[PDB]
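Participant: One structure is given below, represented as C-alpha cells, and several questions about it will come after.
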Amino acid sequence: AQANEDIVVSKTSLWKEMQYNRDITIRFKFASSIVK
Amino acid sequence: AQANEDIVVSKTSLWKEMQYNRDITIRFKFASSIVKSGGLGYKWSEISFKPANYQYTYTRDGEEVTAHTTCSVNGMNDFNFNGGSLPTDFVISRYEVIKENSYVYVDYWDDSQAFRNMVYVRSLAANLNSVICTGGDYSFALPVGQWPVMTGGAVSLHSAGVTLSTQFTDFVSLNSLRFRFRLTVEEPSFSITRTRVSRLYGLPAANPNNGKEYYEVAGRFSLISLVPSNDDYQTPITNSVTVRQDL
Amino acid sequence: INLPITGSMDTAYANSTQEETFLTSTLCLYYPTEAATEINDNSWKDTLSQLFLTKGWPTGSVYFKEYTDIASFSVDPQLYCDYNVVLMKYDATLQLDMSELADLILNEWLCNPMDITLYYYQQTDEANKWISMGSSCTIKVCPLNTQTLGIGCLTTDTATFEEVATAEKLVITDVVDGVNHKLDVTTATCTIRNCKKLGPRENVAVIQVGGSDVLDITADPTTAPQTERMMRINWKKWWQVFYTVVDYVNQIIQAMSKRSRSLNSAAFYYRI
Amino acid sequence: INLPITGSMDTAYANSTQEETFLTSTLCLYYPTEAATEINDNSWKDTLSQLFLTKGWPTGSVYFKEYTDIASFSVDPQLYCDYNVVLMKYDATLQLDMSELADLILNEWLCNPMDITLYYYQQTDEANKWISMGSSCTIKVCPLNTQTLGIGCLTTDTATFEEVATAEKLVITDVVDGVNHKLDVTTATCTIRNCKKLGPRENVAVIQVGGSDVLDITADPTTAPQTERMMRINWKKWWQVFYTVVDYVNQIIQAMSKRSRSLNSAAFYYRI
Amino acid sequence: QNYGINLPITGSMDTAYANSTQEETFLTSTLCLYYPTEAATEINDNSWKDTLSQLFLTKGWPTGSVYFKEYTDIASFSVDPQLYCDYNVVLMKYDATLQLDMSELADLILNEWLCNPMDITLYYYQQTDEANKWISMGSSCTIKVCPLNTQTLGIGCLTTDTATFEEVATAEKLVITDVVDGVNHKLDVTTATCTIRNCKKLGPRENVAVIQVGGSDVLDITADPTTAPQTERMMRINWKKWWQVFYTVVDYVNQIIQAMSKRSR
Ligand SMILES: *[C@@H]1O[C@H](CO)[C@@H](O)[C@H](O)[C@H]1NC(C)=O
Ligand SMILES: *[C@@H]1O[C@H](CO)[C@@H](O)[C@H](O)[C@H]1NC(C)=O
Ligand SMILES: *[C@@H]1O[C@H](CO)[C@@H](O)[C@H](O)[C@H]1NC(C)=O
Ligand SMILES: [Ca+2]
Ligand SMILES: [Ca+2]
Ligand SMILES: [Ca+2]
Ligand SMILES: [Ca+2]
Ligand SMILES: [Ca+2]
Ligand SMILES: [Ca+2]
Ligand SMILES: [Ca+2]
Ligand SMILES: [Ca+2]
Ligand SMILES: [Ca+2]
C-alpha cells in the first residue's frame with residue numbers, strides 16, 4: 001500500500017466510487033485587518 | 001447536421017452523456033474603475049479594469065435566446081505618469097494597459113439546453129473569429145487649467161484556448177464557458193493630449209468601449225456534458241448574497 | 001415498368017421512322033448572338049425553316065432561341081422541345097464553364113433544395129453534387145470533423161473558408177464524400193441545389209464550333225469520355241455552320257433519342 | 001524470375017485489396033506553387049490528410065511535395081513513394097517540355113553515362129534515346145558518314161553543328177539510328193545520358209489540370225496514345241481539383257499498379 | 001520472364017560444375033573504387049589512375065571498365081552516397097572520433113534500404129519492427145525526439161517547448177536513428193539543411209565492399225547489440241603507405257569480387 005494511492009471501490013456505466021489516501025503539507029497563513 | 005445539434009453518445013438509466021454543437025454570439029463589454037485622489041483634483045489614484053457583466057437577448061434560427069456574458073482582463077501592465085510633486089501638476093499614480101503579455105477572459109452563458117445542468121464537460125473546443133478592440137476618449141476633468149484627453153488605442157483580440165468558469169453575481173450564479181483571447185498590438189496608439197506622452201501601443205483602461213454598447217464576436221462551441229436522462233431537472237441559478245458584511 | 005420485355009432475332013426490320021418522327025416532333029436550335037451579328041439578316045430563320053422543309057421537318061416544327069453568352073445561358077437553362085441542338089463557341093477562358101453547361105444539359109439531374117443556415121450537408125455517392133445558378137455565385141466550404149468544428153478553417157470566420165468559386169454564373173461542385181461541409185454562398189444572387197446525376201438526357205446535342213474536344217462531363221479524372229451527342233466543327237463563318245447542320249440533321253437526330261423519364265421544361269427535376 | 005506461372009478459371013475472386021493497400025502503402029502528390037499561392041493557407045496539407053483519412057489512407061501515408069516549375073521538376077525528378085500523383089498545368093509554350101516530363105516519369109529508363117569528348121555514340125533501336133538534364137542545356141550534333149567525316153558539318157567547327165536544344169532544362173533527343181553523332185553540350189551545367197526505354201512505370205499518374213490532350217509519350221509520330229494513368233481536368237480553382245483527386249483517388253490507384261522492377265528514387269536506373 | 005512473382009526453382013546434385021564466369025564477368029562488368037583525398041595527396045601523381053588501369057588490364061579488367069571516384073572525407077561521402085556501378089569498393093580510414101560515422105556509412109551502403117519520405121510538421125511516427133529506422137542526411141543534422149503516450153501527450157518532454165526534447169544527434173552529416181518500437185515520436189529537425197527518411201532494412205547489398213585501411217574491426221552494423229557481425233565484404237588492412245594498399249587491392253581484386261555478388265534488385 002502506497003502513501004498516495006488511488007483505488008476504485010466501485011464502477012458503474014458512467015460514474016465510479018474512488019478512494020484517495022494522500023499526504024499533504026498545509027502551508028497556511030493568517031492576515032490582519034487594521035483600521036485607524 | 002444542424003448548426004444547433006444535440007446528440008446522445010451514451011445513456012444509462014438516470015444519467016446520459018449529451019453532445020452539443022451550437023453557434024453563439026458573444027456580446028461583451030469592458031468596464032473601468034476611476035478613483036481620483038483628494039486635494040484639488042490634479043492627482044488620480046487608479047484607472048483600472050473591473051469585471052463587467054452584460055445580459056442580452058439575441059435571435060437564433062427561429063428562436064429567441066437569452067444570454068449572460070462577463071468580461072475580465074488578466075496580466076495587464078501598470079503604467080503611471082508623474083510630472084511634478086506639487087498640487088497643481090497633472091499626475092496619474094497608476095493606470096492599466098493591455099499588451100501581448102495580457103489576456104482577456106470572457107465567460108459566456110445562455111438559457112439553452114447546453115447550460116441547464118452543466119457541471120461536467122469534456123471534448124471541449126470552439127471556433128472563434130478575431131475582432132479589434134479600440135479605446136475611446138476620456139477627458140480628465142481638472143479643476144482649472146487645460147483638459148488633457150486620453151484618446152486612442154487599438155488592439156486585436158485573437159481566439160485562444162477554452163475552459164469552464166463560474167459567473168458569480170448578486171442575482172444569478174452560472175456554470176459558464178470561459179473563452180480566452182490573446183492580444184496583438186495594432187497601429188492606432190493611445191496618447192494623453194497636452195502632455196509629454198504619445199506613440200505607445202496598447203489599450204487604455206478609461207474608455208475601452210469607445211462609446212459602444214458592446215463588442216460583438218460570433219463563435220461555435222462543441223462539448224459533451226452529463227445531464228440527467230429526465231429532461232425536467234434544474235440546477236440552482238439565482239442567488240441572494242450577503243458576503244463582505246465586515247466590509 | 002418492373003415487368004420484362006421479350007423478342008426475337010427472326011423478325012423483320014420495320015420501315016424508317018424518320019420522315020414521321022420529324023413531322024410529329026419539334027426541333028430547336030440554340031445559337032449565340034455573334035451568329036446573327038455576323039449575319040445581319042432578318043429572315044434567316046424563315047430561310048432555314050424553308051431549307052429544313054426539304055429534309056422533311058415541316059414549317060412550324062423548327063425553332064431558334066438566341067442566347068447572348070454561354071454563361072447567360074447556363075443561368076437556369078430551359079430546354080422545352082423534342083430535339084435540341086446547341087452551338088457552343090470555344091474559349092480556353094471558358095473551358096470549365098462550357099463543360100459544366102454540358103454536364104448540366106447532356107445529363108438528367110434530380111435536385112433537392114439546400115438550406116445552408118439551418119443545415120450542413122454532405123455528398124453520399126459519386127453521383128451526388130451541388131449545382132448552383134445565378135448572376136454571381138461565390139461558394140466557399142469548410143469541411144467538418146466528428147464534433148462539428150473546422151478542419152483547416154474556422155466555422156465562423158468566412159475568410160478562413162476554402163474558395164471553390166469566384167463570381168461564377170453556374171458552378172458544379174463535388175467535395176469529399178463522407179464529411180459534412182459548412183457552406184457560404186451569395187444566396188441573395190444564387191440558388192444552390194443538391195442534385196443527383198441520373199441517366200443521360202438523349203434529347204439534346206452539343207456542337208463545339210471551334211477548338212478540339214475538351215468537355216469532361218464526368219467529374220472523375222479517369223474517364224474523360226466523348227459521348228455520341230458531343231460533336232465538333234471547325235469554322236470560319238456561321239452560314240456554313242448552319243448549312244452543315246441542315247445538311248447533316250439526319251445524323252444528329254439519329255445520334256439523339258427522345259426521352260423516357262418524364263415531361264419537363266427545366267434542366268433538372270425537383271423533388272423537394 | 002524466368003519460370004512460368006499456371007492457374008485456373010474456377011478459383012474464386014478474392015476480397016478487395018483496397019482498404020489494406022491504403023494502410024500498407026504511401027501516396028505522394030506533386031503540386032505547383034501556383035496552387036499554394038491561390039490557396040494562401042498554411043494548413044491545407046493537414047486538411048487533405050484528415051480528408052484522405054475518411055477514404056482510408058492513414059495519417060502518415062499522405063505526402064505533398066511542392067515543385068515551383070515543370071522544368072525545375074524535370075531537372076532530375078526524384079519520385080520515392082509507392083503511389084505518385086502529379087498535377088501538371090497546361091501551357092502551349094511548354095507543350096514539348098511537359099510531354100518529355102511525362103515520357104520520362106511515366107516510363108522506366110535504364111541509363112548509361114556519355115563521354116562526348118573521348119567517344120562518339122549512336123542509337124541502335126527505337127527506344128535508345130539521349131536524355132539531358134540540367135539548368136540550361138544547349139545541344140548540337142553532327143552526324144558522321146562511314147569513314148568518320150562530317151555530313152553537313154565539320155568535326156572541328158562547333159557552329160556547323162545542328163542545334164536541337166536551346167537552354168532547355170530537360171531534353172529527350174532521338175536521332176537517326178545506325179549513324180554515329182559527334183555532340184556538343186554545355187557539360188558544365190548539364191549531364192547527358194544514353195538511356196533505353198523499358199516497360200512503363202505504373203507507380204505514377206499524370207493529371208493535366210488544364211487544356212486538351214497534347215502529351216505524345218511515344219516519340220514515333222504514329223501512335224499518339226493515351227494511357228490509363230494520364231488524366232485531364234478542366235479547372236478554374238485548385239481546391240476543386242484537390243477535392244476531386246481525393247474523392248476519386250480510388251479510381252486513380254485502380255488505374256495505377258505498384259512497380260515490379262526494383263526500389264529506386266530516381267526516374268531512371270543507372271548501370272554505367 | 002515473370003516479374004514481381006516468386007516461384008520454386010528445382011535442381012539436382014548430379015549436374016556437373018559449369019565453367020568459370022571470372023575473366024568474362026570482368027569484361028562485361030565495371031568496377032569502381034572510392035578512395036580518399038589523402039591517398040592522392042600522398043601519391044602526388046597525375047597518371048596513377050592510368051597506371052592502376054593498365055595494371056588491372058593484366059588481371060582482365062579492361063581500360064574503360066575501371067573507375068575511380070574521389071571523396072574528401074568520410075562524412076562528406078556519407079552525405080547521399082551514390083554507388084552506381086556493377087562492382088563497388090570503398091577504402092575507409094580509421095579514426096576513433098569517427099567510429100560511429102563509419103559504422104553508419106557501412107550500415108547504409110552494405111545494406112539495401114527501402115526508404116519512404118517523412119513530414120515532421122504534420123505527422124508523428126513510430127518504428128514497427130527491428131528493421132525500421134530513420135536515416136537523415138545533409139550538411140548539418142540536429143535531431144530531437146519526444147516519445148508520446150496513449151493520449152498524445154509527452155513523456156519527459158513538452159509537445160510545444162522544443163528545448164525539452166531529447167537530443168540524439170548534434171551536427172552530424174549522416175545519422176541512423178533507432179528509437180523504441182511502439183511509441184509515437186514527435187521530431188524536430190533542421191529540415192533547411194537535412195532530409196530524413198523512414199527506411200526499412202531489406203536484405204544486404206552484395207555489390208559494395210568496405211576496406212578498413214587502419215585499426216581493428218569496429219563496425220557494429222546491426223543496431224541490436226547482440227550480433228556484432230563481420231560479413232565477407234568487410235575487409236581490413238594495415239597501412240603505412242597507399243601505393244601498397246592499391247597494389248594489394250589490384251593483386252587480390254579476384255577474391256574481392258568473389259566476395260561480392262551482383263545485386264538482385
Ligand atoms: C417499307 O418499304 C418498302 C419498300 O419501299 C415498301 O414496299 C413497304 O410498303 C414499306 N412498309 C410499309 C408498311 O408501307
Ligand atoms: C470476402 O468477401 C466476402 C464478402 O464481403 C466476406 O463475406 C468474406 O468474409 C471475405 N473473406 C476474406 C478472407 O476477406
Ligand atoms: C570448361 O573447361 C574445360 C576445361 O578447361 C574446357 O575443356 C571446356 O571447353 C570448357 N567449357 C566451354 C563451354 O568452353
Ligand atoms: Ca462555372
Ligand atoms: Ca482554410
Ligand atoms: Ca462527390
Ligand atoms: Ca524540353
Ligand atoms: Ca550544318
Ligand atoms: Ca532514335
Ligand atoms: Ca554520423
Ligand atoms: Ca526532456
Ligand atoms: Ca527500432
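Note on naming: chains are A, B, ... as they come in the C-alpha cells, residues start from 1 per chain, ligands start from 1 in the order shown.
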Identify all chain B residues at most 9 Å from chain C by counting only C-alpha atoms; ligands do not count. Present them as a list in words.

Facilitator: residues 1, 2, 3, 4, 19, 20, 21, 22, 23, 61, 123, 125, 126, 127, 128, 129, 130, 218, 219, 220, 221, 222 and 223 of chain B

Participant: Take the residues from that selection and write them out as an mmCIF file, in the first residue's frame, keeping C-alpha atoms.

Facilitator:
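Resulting contents of selection22.cif:
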```cif
data_model
loop_
_atom_site.group_PDB
_atom_site.id
_atom_site.type_symbol
_atom_site.label_atom_id
_atom_site.label_comp_id
_atom_site.auth_asym_id
_atom_site.auth_seq_id
_atom_site.Cartn_x
_atom_site.Cartn_y
_atom_site.Cartn_z
ATOM 1 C CA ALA B 1 -26.049 18.175 -39.389
ATOM 2 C CA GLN B 2 -27.882 21.185 -37.974
ATOM 3 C CA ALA B 3 -25.919 24.175 -36.709
ATOM 4 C CA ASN B 4 -27.558 23.698 -33.262
ATOM 5 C CA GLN B 19 -23.193 16.114 -27.015
ATOM 6 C CA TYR B 20 -23.942 19.706 -28.014
ATOM 7 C CA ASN B 21 -22.691 21.653 -31.045
ATOM 8 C CA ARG B 22 -24.029 25.197 -31.195
ATOM 9 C CA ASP B 23 -23.396 28.686 -32.558
ATOM 10 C CA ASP B 61 -32.710 30.351 -36.205
ATOM 11 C CA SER B 123 -14.243 17.184 -25.566
ATOM 12 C CA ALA B 125 -13.345 23.061 -28.340
ATOM 13 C CA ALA B 126 -14.518 26.135 -30.221
ATOM 14 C CA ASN B 127 -14.017 28.102 -33.448
ATOM 15 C CA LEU B 128 -13.986 31.843 -32.702
ATOM 16 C CA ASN B 129 -13.293 34.748 -35.051
ATOM 17 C CA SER B 130 -10.976 37.636 -34.234
ATOM 18 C CA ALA B 218 -19.604 35.163 -33.248
ATOM 19 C CA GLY B 219 -18.456 31.650 -32.441
ATOM 20 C CA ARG B 220 -19.249 27.961 -32.287
ATOM 21 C CA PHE B 221 -18.711 25.571 -29.382
ATOM 22 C CA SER B 222 -18.773 21.791 -29.080
ATOM 23 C CA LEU B 223 -18.794 19.831 -25.820
#
```

Participant: Would you mind listing, as number ranges by chain, all residues of chain C that have at least one atom within 8 Å of chain D, where only C-alpha atoms are what counts?

Facilitator: C: 92, 95-96, 99, 126, 151-152, 162-165, 173-179, 212-214, 216, 219-224

Participant: Next, dump the selected residues to file, keeping only C-alpha atoms, as a compact mmCIF listing (two decimals), in the first residue's frame.

Facilitator:
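Contents of result-v8.txt, freshly written:
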```txt
# COMPACT_ATOMS: atom_id res chain seq x y z
CA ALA C 92 -9.91 28.48 -73.16
CA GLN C 95 -13.50 25.76 -70.69
CA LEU C 96 -14.77 24.62 -67.29
CA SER C 99 -18.03 21.83 -69.62
CA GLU C 126 -20.04 9.73 -56.64
CA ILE C 151 -10.63 21.40 -40.36
CA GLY C 152 -8.14 23.96 -41.63
CA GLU C 162 -11.91 27.45 -48.87
CA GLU C 163 -12.93 29.16 -52.11
CA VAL C 164 -14.15 26.83 -54.88
CA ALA C 165 -15.89 29.53 -56.97
CA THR C 173 -19.22 21.37 -57.10
CA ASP C 174 -18.02 17.97 -55.88
CA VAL C 175 -16.43 17.66 -52.44
CA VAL C 176 -15.02 14.75 -50.44
CA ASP C 177 -17.94 12.37 -49.99
CA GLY C 178 -18.38 11.26 -46.38
CA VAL C 179 -17.79 14.53 -44.45
CA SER C 212 -10.52 20.37 -80.04
CA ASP C 213 -12.62 18.15 -77.80
CA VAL C 214 -12.15 19.22 -74.17
CA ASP C 216 -15.10 16.27 -69.49
CA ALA C 219 -16.20 14.92 -62.78
CA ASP C 220 -13.88 11.96 -62.14
CA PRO C 221 -10.50 12.49 -63.85
CA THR C 222 -10.04 8.90 -65.07
CA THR C 223 -12.75 8.55 -67.73
CA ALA C 224 -12.83 11.74 -69.83
```

Participant: Kindly provide, as a list in words, the residues of chain E having any atom no farther than 6 Å from an atom of chain D, counting only C-alpha atoms.

Facilitator: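 Here is what falls inside 6 Å: residues 1, 2, 3, 4, 85, 116, 123 and 265 of chain E.
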
Participant: Restricting the calculation to only C-alpha atoms: of C:83, C:90, C:67, C:109, which residue gets closest to residue 36 in chain C?

Facilitator: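 Closest residue, counting only C-alpha atoms: C:67.
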
Participant: Excluding residue 206 in chain E and its own-chain neighbours fewer than 4 positions away, which residues fall within 9 Å of it when counting only C-alpha atoms? Please give them as a list in words.

Facilitator: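 My reading of the contact set: residues 87, 110, 111, 112, 233, 259, 260, 261, 262, 263 and 264 of chain E.
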
Participant: Keeping C-alpha atoms, export the residues of the selection given above as an mmCIF file, in the first residue's frame.

Facilitator:
```
data_model
loop_
_atom_site.group_PDB
_atom_site.id
_atom_site.type_symbol
_atom_site.label_atom_id
_atom_site.label_comp_id
_atom_site.auth_asym_id
_atom_site.auth_seq_id
_atom_site.Cartn_x
_atom_site.Cartn_y
_atom_site.Cartn_z
ATOM 1 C CA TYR E 87 31.175 -3.563 -58.527
ATOM 2 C CA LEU E 110 26.408 -2.529 -47.320
ATOM 3 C CA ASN E 111 22.633 -2.893 -46.819
ATOM 4 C CA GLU E 112 19.784 -2.210 -49.241
ATOM 5 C CA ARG E 233 32.649 -7.901 -47.693
ATOM 6 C CA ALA E 259 33.238 -11.994 -52.040
ATOM 7 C CA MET E 260 30.983 -9.524 -53.898
ATOM 8 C CA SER E 261 27.894 -10.675 -55.815
ATOM 9 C CA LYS E 262 25.872 -8.528 -58.214
ATOM 10 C CA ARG E 263 22.586 -7.163 -56.904
ATOM 11 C CA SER E 264 19.171 -8.812 -57.024
#
```

Participant: If we count only C-alpha atoms, what is near residue 34 in chain B at a cut-off of 10 Å, once residues fewer than 6 positions away on the same chain are taken out, given as a JSON list (two decimals) with N, CA and C atoms, in the first residue's frame?

Facilitator:
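Output file selection.json is given in full below:
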```json
[["chain", "number", "residue", "atom", "x", "y", "z"],
["B", 44, "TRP", "N", -4.85, 61.65, -9.84],
["B", 44, "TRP", "CA", -5.74, 60.50, -9.92],
["B", 44, "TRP", "C", -5.07, 59.27, -9.31],
["B", 45, "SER", "N", -5.87, 58.48, -8.59],
["B", 45, "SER", "CA", -5.36, 57.38, -7.79],
["B", 45, "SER", "C", -5.20, 56.10, -8.61],
["B", 46, "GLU", "N", -6.28, 55.63, -9.23],
["B", 46, "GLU", "CA", -6.19, 54.45, -10.09],
["B", 46, "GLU", "C", -7.16, 54.56, -11.25],
["B", 47, "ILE", "N", -6.73, 54.03, -12.40],
["B", 47, "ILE", "CA", -7.57, 53.88, -13.58],
["B", 47, "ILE", "C", -7.38, 52.43, -14.01],
["B", 48, "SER", "N", -8.30, 51.55, -13.59],
["B", 48, "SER", "CA", -8.13, 50.11, -13.69],
["B", 48, "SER", "C", -9.37, 49.49, -14.32],
["B", 49, "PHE", "N", -9.31, 48.17, -14.53],
["B", 49, "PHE", "CA", -10.43, 47.40, -15.03],
["B", 49, "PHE", "C", -11.24, 46.80, -13.88],
["B", 50, "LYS", "N", -12.53, 46.59, -14.15],
["B", 50, "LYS", "CA", -13.45, 45.88, -13.27],
["B", 50, "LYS", "C", -14.14, 44.81, -14.12],
["B", 95, "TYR", "N", -2.21, 53.59, -13.92],
["B", 95, "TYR", "CA", -3.24, 53.27, -14.90],
["B", 95, "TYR", "C", -2.83, 52.02, -15.67],
["B", 205, "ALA", "N", -7.43, 51.97, -20.09],
["B", 205, "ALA", "CA", -8.42, 51.44, -19.16],
["B", 205, "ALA", "C", -9.38, 52.51, -18.65],
["B", 206, "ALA", "N", -9.60, 53.58, -19.42],
["B", 206, "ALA", "CA", -10.53, 54.65, -19.06],
["B", 206, "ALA", "C", -11.84, 54.54, -19.84]]
```

Participant: Neighbours of ligand 7 within 6 Å, counting only C-alpha atoms and all ligand atoms, as a ChimeraX atom specification?

Facilitator: /D:96-97,168,170-171

Participant: Which residues are near ligand 11 - at most 8 Å, using only C-alpha atoms and all ligand atoms? Format: as an MDAnalysis selection string.

Facilitator: chainID E and resid 146 155:158 163:166

Participant: Could you save the residues just selected, with C-alpha atoms, as a PDB file, in the first residue's frame?

Facilitator:
```pdb
ATOM      1  CA  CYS E 146       9.910  13.308 -27.821  1.00  0.00           C
ATOM      2  CA  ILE E 155       6.970  11.664 -21.794  1.00  0.00           C
ATOM      3  CA  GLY E 156       9.709  13.757 -20.203  1.00  0.00           C
ATOM      4  CA  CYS E 157       9.116  16.409 -22.868  1.00  0.00           C
ATOM      5  CA  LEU E 158       6.582  19.065 -23.872  1.00  0.00           C
ATOM      6  CA  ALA E 163      14.071  22.569 -25.746  1.00  0.00           C
ATOM      7  CA  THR E 164      12.541  19.837 -23.549  1.00  0.00           C
ATOM      8  CA  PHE E 165      13.132  17.329 -26.381  1.00  0.00           C
ATOM      9  CA  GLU E 166      15.893  14.723 -26.147  1.00  0.00           C
TER      10      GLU E 166
END
```

Participant: What residues have any atom no more than 8 Å from ligand 1 when counting only C-alpha atoms and all ligand atoms, and can you list them as a list in words?

Facilitator: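 Final answer, ordered by chain and number: residues 14, 15 and 16 of chain C.
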
Participant: Mind the document's chain letters and residue numbers, and return as a list in words the residues of range 49-231 of chain D that DSSP labels alpha helix (DSSP H).

Facilitator: residues 49, 50, 51, 52, 53, 54, 55, 70, 71, 72, 73, 74, 95, 96, 97, 98, 99, 100, 101, 102, 103, 104 and 105 of chain D

Participant: How would the residues just chosen look if you wrote them out with C-alpha atoms as a JSON list (two decimals), in the first residue's frame?

Facilitator:
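Saved result, out_35.json, follows:
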```json
[["chain", "number", "residue", "atom", "x", "y", "z"],
["D", 49, "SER", "CA", -4.66, 14.40, -44.77],
["D", 50, "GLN", "CA", -7.72, 14.48, -42.50],
["D", 51, "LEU", "CA", -9.86, 14.19, -45.64],
["D", 52, "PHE", "CA", -7.95, 11.19, -47.07],
["D", 53, "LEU", "CA", -8.33, 9.60, -43.61],
["D", 54, "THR", "CA", -12.02, 9.10, -44.46],
["D", 55, "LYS", "CA", -11.04, 7.46, -47.76],
["D", 70, "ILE", "CA", 7.56, 22.00, -64.65],
["D", 71, "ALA", "CA", 11.16, 22.46, -65.80],
["D", 72, "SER", "CA", 12.60, 22.70, -62.27],
["D", 73, "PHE", "CA", 10.80, 19.42, -61.56],
["D", 74, "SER", "CA", 12.04, 17.94, -64.86],
["D", 95, "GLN", "CA", 3.91, 21.51, -74.55],
["D", 96, "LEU", "CA", 7.02, 19.53, -75.51],
["D", 97, "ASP", "CA", 8.53, 20.14, -72.06],
["D", 98, "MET", "CA", 5.54, 18.74, -70.16],
["D", 99, "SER", "CA", 5.39, 15.93, -72.73],
["D", 100, "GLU", "CA", 9.03, 14.96, -72.17],
["D", 101, "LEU", "CA", 8.35, 15.05, -68.42],
["D", 102, "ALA", "CA", 5.51, 12.56, -68.95],
["D", 103, "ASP", "CA", 7.68, 10.45, -71.29],
["D", 104, "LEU", "CA", 10.33, 10.37, -68.53],
["D", 105, "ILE", "CA", 8.33, 9.70, -65.34]]
```

Participant: If you measure from CA of residue 192 in chain B to CA of residue 152 in chain B, what distance in Å do you get, rounded to one decimal?

Facilitator: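 That distance, rounded to one decimal, is 8.8 Å.
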
Participant: With only C-alpha atoms and all ligand atoms counted and 8 Å as the cut-off, give the residues of chain E in contact with ligand 12, each with its shortest interatomic distance in Å and the pair that gives it, as JSON lines.

Facilitator:
```
{"residue": "E:127", "atom": "CA", "partner": "ligand 12", "partner_atom_place_in_ligand_line": "1 (Ca)", "distance": 5.5}
{"residue": "E:128", "atom": "CA", "partner": "ligand 12", "partner_atom_place_in_ligand_line": "1 (Ca)", "distance": 7.3}
{"residue": "E:129", "atom": "CA", "partner": "ligand 12", "partner_atom_place_in_ligand_line": "1 (Ca)", "distance": 6.3}
{"residue": "E:130", "atom": "CA", "partner": "ligand 12", "partner_atom_place_in_ligand_line": "1 (Ca)", "distance": 4.9}
{"residue": "E:131", "atom": "CA", "partner": "ligand 12", "partner_atom_place_in_ligand_line": "1 (Ca)", "distance": 6.7}
{"residue": "E:132", "atom": "CA", "partner": "ligand 12", "partner_atom_place_in_ligand_line": "1 (Ca)", "distance": 6.0}
{"residue": "E:133", "atom": "CA", "partner": "ligand 12", "partner_atom_place_in_ligand_line": "1 (Ca)", "distance": 6.0}
{"residue": "E:177", "atom": "CA", "partner": "ligand 12", "partner_atom_place_in_ligand_line": "1 (Ca)", "distance": 8.0}
{"residue": "E:178", "atom": "CA", "partner": "ligand 12", "partner_atom_place_in_ligand_line": "1 (Ca)", "distance": 4.3}
{"residue": "E:179", "atom": "CA", "partner": "ligand 12", "partner_atom_place_in_ligand_line": "1 (Ca)", "distance": 4.8}
{"residue": "E:180", "atom": "CA", "partner": "ligand 12", "partner_atom_place_in_ligand_line": "1 (Ca)", "distance": 5.3}
{"residue": "E:181", "atom": "CA", "partner": "ligand 12", "partner_atom_place_in_ligand_line": "1 (Ca)", "distance": 5.1}
```

Participant: Give me a file of those residues, with N, CA, C and O atoms, as a PDB file, in the first residue's frame.

Facilitator:
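Below is the file result-v5.pdb, written as the result:
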```
ATOM      1  N   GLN E 127       8.385   3.334 -35.021  1.00  0.00           N
ATOM      2  CA  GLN E 127       9.063   2.214 -35.658  1.00  0.00           C
ATOM      3  C   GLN E 127       8.332   0.929 -35.297  1.00  0.00           C
ATOM      4  O   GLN E 127       8.042   0.684 -34.122  1.00  0.00           O
ATOM      5  N   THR E 128       8.034   0.118 -36.310  1.00  0.00           N
ATOM      6  CA  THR E 128       7.168  -1.041 -36.140  1.00  0.00           C
ATOM      7  C   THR E 128       7.941  -2.307 -35.790  1.00  0.00           C
ATOM      8  O   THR E 128       7.512  -3.067 -34.915  1.00  0.00           O
ATOM      9  N   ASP E 129       9.066  -2.544 -36.461  1.00  0.00           N
ATOM     10  CA  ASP E 129       9.885  -3.736 -36.290  1.00  0.00           C
ATOM     11  C   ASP E 129      11.322  -3.309 -36.010  1.00  0.00           C
ATOM     12  O   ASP E 129      11.630  -2.120 -35.903  1.00  0.00           O
ATOM     13  N   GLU E 130      12.209  -4.297 -35.892  1.00  0.00           N
ATOM     14  CA  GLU E 130      13.615  -4.044 -35.600  1.00  0.00           C
ATOM     15  C   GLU E 130      14.421  -3.638 -36.831  1.00  0.00           C
ATOM     16  O   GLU E 130      15.638  -3.456 -36.708  1.00  0.00           O
ATOM     17  N   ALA E 131      13.785  -3.491 -37.997  1.00  0.00           N
ATOM     18  CA  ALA E 131      14.442  -3.081 -39.229  1.00  0.00           C
ATOM     19  C   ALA E 131      14.004  -1.706 -39.716  1.00  0.00           C
ATOM     20  O   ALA E 131      14.529  -1.236 -40.729  1.00  0.00           O
ATOM     21  N   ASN E 132      13.059  -1.053 -39.037  1.00  0.00           N
ATOM     22  CA  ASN E 132      12.594   0.275 -39.416  1.00  0.00           C
ATOM     23  C   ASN E 132      13.402   1.313 -38.651  1.00  0.00           C
ATOM     24  O   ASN E 132      13.410   1.312 -37.415  1.00  0.00           O
ATOM     25  N   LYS E 133      14.085   2.189 -39.386  1.00  0.00           N
ATOM     26  CA  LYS E 133      14.932   3.223 -38.812  1.00  0.00           C
ATOM     27  C   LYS E 133      14.690   4.514 -39.575  1.00  0.00           C
ATOM     28  O   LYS E 133      13.973   4.536 -40.577  1.00  0.00           O
ATOM     29  N   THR E 177      18.872   6.686 -36.940  1.00  0.00           N
ATOM     30  CA  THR E 177      18.222   6.743 -35.638  1.00  0.00           C
ATOM     31  C   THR E 177      17.281   5.552 -35.495  1.00  0.00           C
ATOM     32  O   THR E 177      16.413   5.331 -36.349  1.00  0.00           O
ATOM     33  N   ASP E 178      17.483   4.783 -34.424  1.00  0.00           N
ATOM     34  CA  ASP E 178      16.572   3.735 -33.981  1.00  0.00           C
ATOM     35  C   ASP E 178      16.062   4.110 -32.599  1.00  0.00           C
ATOM     36  O   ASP E 178      16.861   4.313 -31.676  1.00  0.00           O
ATOM     37  N   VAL E 179      14.740   4.198 -32.460  1.00  0.00           N
ATOM     38  CA  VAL E 179      14.082   4.544 -31.204  1.00  0.00           C
ATOM     39  C   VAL E 179      13.198   3.376 -30.792  1.00  0.00           C
ATOM     40  O   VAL E 179      13.114   2.368 -31.501  1.00  0.00           O
ATOM     41  N   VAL E 180      12.549   3.499 -29.633  1.00  0.00           N
ATOM     42  CA  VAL E 180      11.764   2.399 -29.093  1.00  0.00           C
ATOM     43  C   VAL E 180      10.568   2.142 -29.999  1.00  0.00           C
ATOM     44  O   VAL E 180       9.879   3.077 -30.429  1.00  0.00           O
ATOM     45  N   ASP E 181      10.321   0.870 -30.291  1.00  0.00           N
ATOM     46  CA  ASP E 181       9.280   0.470 -31.227  1.00  0.00           C
ATOM     47  C   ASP E 181       7.954   0.335 -30.489  1.00  0.00           C
ATOM     48  O   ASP E 181       7.821  -0.509 -29.596  1.00  0.00           O
TER      49      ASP E 181
END
```
